[PDB]
**Student:** 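To start, I am sharing the structure in question, which I have written as structure tokens.
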Amino acid sequence: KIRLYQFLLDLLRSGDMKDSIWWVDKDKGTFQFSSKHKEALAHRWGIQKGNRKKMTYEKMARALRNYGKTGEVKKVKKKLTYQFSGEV
DNA sequence: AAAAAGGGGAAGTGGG
DNA sequence: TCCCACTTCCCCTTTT
């Protein structure tokens, strides 16, 4: 099944959900979530995953924080902004 | 102050 | 069975 980081990257590079997420610094791989619209993106993640419960941004960031352990995505010190590793 | 964002141990779930 | 990649819970610390 698809990985969360790909889900997010595929969205950035396609362009749907520009109300929910966008590139802060594309070349560098920095992307940011919208405060008011992040939930709609998080819910789509769950619908797609086929989770039995409803996906929230809180639970999605919980998973996101795990990539900081393996390096795929890291949190940047700006509100709702993360950064993909040399893979973006 | 108050609310949003950030955090993380640990048990639980689904697919392979 | 076990492993992985989250997912759910629940509650606490920091930034805005």
Side-chain angles (χ1 to χ4, degrees):
Chain A
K1 212 180 303 179
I2 182 168
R3 313 266 247 108
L4 172 57
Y5 77 74
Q6 258 307 317
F7 169 81
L8 269 19
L9 184 60
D10 289 356
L11 235 59
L12 280 162
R13 296 185 161 172
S14 305
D16 215 12
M17 304 216 67
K18 285 189 191 298
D19 289 283
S20 313
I21 194 176
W22 49 78
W23 286 116
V24 155
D25 191 332
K26 183 184 192 177
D27 296 326
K28 179 151 283 304
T30 42
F31 61 107
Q32 174 175 236
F33 289 101
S34 175
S35 303
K36 301 196 184 184
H37 311 269
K38 49 185 195 307
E39 294 299 339
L41 160 347
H43 182 200
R44 177 197 185 152
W45 172 236
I47 309 165
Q48 177 174 352
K49 279 299 292 294
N51 295 141
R52 34 185 46 173
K53 296 212 75 146
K54 184 172 163 170
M55 185 64 58
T56 54
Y57 177 69
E58 177 181 77
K59 281 187 298 177
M60 191 184 67
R62 169 79 260 256
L64 237 32
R65 273 190 305 276
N66 273 177
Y67 289 144
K69 288 318 298 295
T70 46
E72 292 90 338
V73 183
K74 267 88 174 296
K75 185 66 186 73
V76 345
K77 324 110 299 286
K78 191 198 285 81
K79 190 171 176 164
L80 292 323
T81 103
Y82 289 73
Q83 182 186 24
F84 285 122
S85 73
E87 140 242 282
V88 184

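The figures that follow rest on heavy atoms only: side chains count, while hydrogens, waters and symmetry mates do not. Just so we're on the same page: letters track the sequence lines, and every chain starts at 1.
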**Student:** May I ask you to evaluate whether A:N51 reaches the phosphate of C:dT7, defined as a side-chain N or O under 4.0 Å from OP1 or OP2?
**Tutor:**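 Checking A:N51 against C:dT7: at least one side-chain N or O falls below 4.0 Å of OP1 or OP2.
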**Student:** Would you say B:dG6 has OP1 or OP2 under 4.0 Å from some side-chain N or O of A:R65?
**Tutor:**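 For A:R65, the contact criterion (side-chain N or O under 4.0 Å from OP1 or OP2 of B:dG6) is not met.
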**Student:** Quick one: on DNA chain B, does A:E58 or A:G50 contact a more 5' nucleotide (nearest heavy atom)?
**Tutor:**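 Closer to the 5' end of DNA chain B: A:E58.
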**Student:** Name the nucleic acid region contacted by A:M60, choosing base, sugar-phosphate or nothing; use a 4.0 angstrom heavy-atom cut-off, strictly under.
**Tutor:** nothing
**Student:** Checking base pairs now: Watson-Crick or wobble, both atom distances under 3.5 Å. What partners C:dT1?
**Tutor:** none
**Student:** Looking at A:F33, does the NZ or CZ of A:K38 lie under 6.0 angstrom from its six-membered ring centre and within 45 degrees of the ring axis?
**Tutor:** no
**Student:** Can you tell me if the side-chain N/O atoms of A:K59 get under 4.0 Å from OP1 or OP2 in C:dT7?
**Tutor:**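 Indeed not, no polar side-chain atom of A:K59 lies that close.
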**Student:** So does A:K74 have more than 12 non-hydrogen atoms from other groups sitting under 6.0 Å from NZ?
**Tutor:** no
**Student:** A:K53 side chain N/O closer than 4.0 Å to the phosphate oxygens (OP1, OP2) of C:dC9?
**Tutor:**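 Looking at the OP1 and OP2 atoms of C:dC9, one of them is under 4.0 Å from a side-chain N or O of A:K53.
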**Student:** Does C:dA5 have its OP1 or OP2 closer than 4.0 Å to a side-chain nitrogen or oxygen of A:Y67?
**Tutor:** no
**Student:** Taking only N/O atoms, report every protein-nucleotides 13-15 of chain C pair under 3.5 Å with atom names and distance.
**Tutor:**
none

**Student:** Checking base pairs now: Watson-Crick or wobble, both atom distances under 3.5 Å. What partners B:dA1?
**Tutor:**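 Pairing partner, where one exists within any strand: none, as none qualifies.
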**Student:** Would you say A:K49 places a side-chain N or O within less than 4.0 Å of OP1 or OP2 belonging to B:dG14?
**Tutor:**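 It does not, given that no N or O in the side chain of A:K49 lies less than 4.0 Å from OP1 or OP2 of B:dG14.
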**Student:** For this output row, return yes or no: ring centroids of A:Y5 and A:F84 closer than 6.0 angstrom.
**Tutor:**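 Judged by ring-centre distance (under 6.0 Å), A:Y5 and A:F84 do not meet the cut-off.
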**Student:** Counting only distance, no hydrogens or angles, is the base of B:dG6 paired donor-acceptor with the side chain of A:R62 under 3.5 Å?
**Tutor:** no
**Student:** Check this one for me: any side-chain N or O of A:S35 less than 4.0 Å away from OP1 or OP2 of B:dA5?
**Tutor:**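 Affirmative; the distance criterion is met.
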**Student:** Do any side-chain nitrogens or oxygens of A:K79 fall under 4.0 Å of OP1 or OP2 in B:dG6?
**Tutor:** no
